[PDB]
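Visitor: Provided hereafter are the protein sequence and its experimental coordinates.
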Amino acid sequence: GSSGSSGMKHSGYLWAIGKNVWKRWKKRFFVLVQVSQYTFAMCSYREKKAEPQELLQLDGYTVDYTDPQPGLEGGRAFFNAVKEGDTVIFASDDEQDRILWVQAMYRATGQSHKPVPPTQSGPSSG
């Protein structure tokens, strides 16, 4: 039962909304930390040199590319994580970033269905 070991994989502002945390959908700081050898969590450090406000352990969450849900109007890319009884959505400024996030989050959780990048050049709405 050692203390553990910190670690950073990817940091940057992102749009996410959950049920217990980030109830609101707004661009907030997001940092992927490593809790255990095979366990990670999303720590949102909004303060300046202080403890994190919101935190979501990615212990199980299944992140994967998903269509743009009706409502969330923050970022372009859309990606939500599926949990036994919890569901959280995430969005970035560009599609390129999303991938980098899915690739990491994927391993952090260790889901069964590995995420894969689509081939949607860029259709037009009407």
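Guide: Here it is on my side, so go on. Numbering: from 1, shown residues only.

Visitor: check which helix or strand covers the residue nearest the centre of the chain.
Guide: Geometric centre of the chain, nearest residue: residue 90, 5.3 Å, by CA atoms, centre = their mean. Per DSSP states H and E: residue 90 is located in strand 87-91.

Visitor: other SSEs contacting that strand?
Guide: For strand 87-91, the elements it packs on are strand 8-17, strand 78-82, judged by 3 or more CB pairs under 8 Å, 6 or more residues apart in numbering; DSSP states H and E. (Each C-beta comes from the backbone N, C-alpha and C, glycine too.)

Visitor: List of residues touching the longest one?
Guide: Spelled out, that is strand 8-17. 22-34, 40, 42, 72, 74-75, 88-92, 97, 100-101, 104, 108 (CB atoms under 8 Å, 6 or more residues apart in numbering).

Visitor: Could you list the buried residues of that strand?
Guide: Neighbour-count burial for strand 8-17 flags 9, 14-17 (criterion: 16 or more other CB atoms under 10 Å).

Visitor: Kindly export it (C-alpha atoms) in PDB.
Guide: Output of strand 8-17 as PDB, limited to C-alpha atoms (Å, rounded to 0.1, in the frame of the first residue of the first chain):
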ATOM      1  CA  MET A   8       1.500  13.600 -16.600                       C
ATOM      2  CA  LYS A   9       0.300  12.300 -20.000                       C
ATOM      3  CA  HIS A  10      -1.600  15.200 -21.600                       C
ATOM      4  CA  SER A  11      -2.700  18.600 -20.300                       C
ATOM      5  CA  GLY A  12      -4.900  21.400 -21.800                       C
ATOM      6  CA  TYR A  13      -8.300  23.100 -21.600                       C
ATOM      7  CA  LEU A  14     -11.300  20.900 -22.700                       C
ATOM      8  CA  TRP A  15     -15.100  20.800 -22.500                       C
ATOM      9  CA  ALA A  16     -16.600  18.100 -20.400                       C
ATOM     10  CA  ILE A  17     -19.800  17.600 -18.400                       C
END
